[PDB]
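Inspection log for the structure reproduced underneath, given as structure tokens.
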Protein chains: 2
Amino acid sequence: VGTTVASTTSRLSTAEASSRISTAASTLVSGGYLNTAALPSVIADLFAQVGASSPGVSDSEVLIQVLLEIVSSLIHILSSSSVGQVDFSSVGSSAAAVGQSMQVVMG
Amino acid sequence: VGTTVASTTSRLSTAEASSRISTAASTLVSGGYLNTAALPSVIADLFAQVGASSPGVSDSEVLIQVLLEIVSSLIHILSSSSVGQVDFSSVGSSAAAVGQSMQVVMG
């Protein structure tokens, strides 16, 4: 998986990755916060745009790119945030929400 | 990669993943915000914890688990956050930070 990281990172350092990330973060917190109703939408989009440019790529490599853009977006958001008071009793829904989104990337 | 998602999600729904996520988020925003100095530390930890339980697993499957816990944590945080004013000029460092952390997971 190592060599795979050096492949997706090379394409993520391009202007293209910047645009996608902007749309992923712009929609992720569009309404004003994290919308699970878009989580699966953004993930499916990124994998679609990137998957269309590299159809001969492997499901793995393409996957590493989808997560690279997703994190890059949400991450850029926290940079400004301050992380107030979060309840650990939410991790359950958080892990479930993400686990369900993956279902949209594979189908 | 589809079958891989149904494999990591099955183990992520266990109390084990819950704990890991707690430390991933508790430390991700410990100081009060996102610390890039820990980004590579948390990712390397999760990959180690899960990698120690499933040594016969594939670098791919194990990878999908490392990102599943990371997102579950950060995500659980936003649930409480309100996402103030974020600058798109931060995406660059965001994508770079994550793209650099991967190097700590495989080296």
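Residues in the structure tokens are numbered from 1 in each chain, the chains being A, B, ... in the order shown, and ligands are numbered from 1 in the order shown.
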
Query raised in the report: Taking only C-alpha atoms into account, which residues of chain A are within 8 Å of chain B, as JSON, numbers by chain?
Result: {"A": [1, 2, 5, 9, 12, 13, 18, 21, 22, 29, 32, 33, 34, 59, 60, 67, 68, 69, 71, 72, 73, 75, 76, 77, 78, 79, 80, 81, 82, 83, 84, 85, 86, 87, 88, 90, 91, 92, 93, 94, 95, 96, 98, 99, 102, 103, 106]}

Query raised in the report: Per DSSP on the backbone, what are the helix (DSSP H, G or I) residues of region 7-101 of chain A, as number ranges by chain?
Result: A: 7-12, 15-28, 39-53, 59-78, 88-101
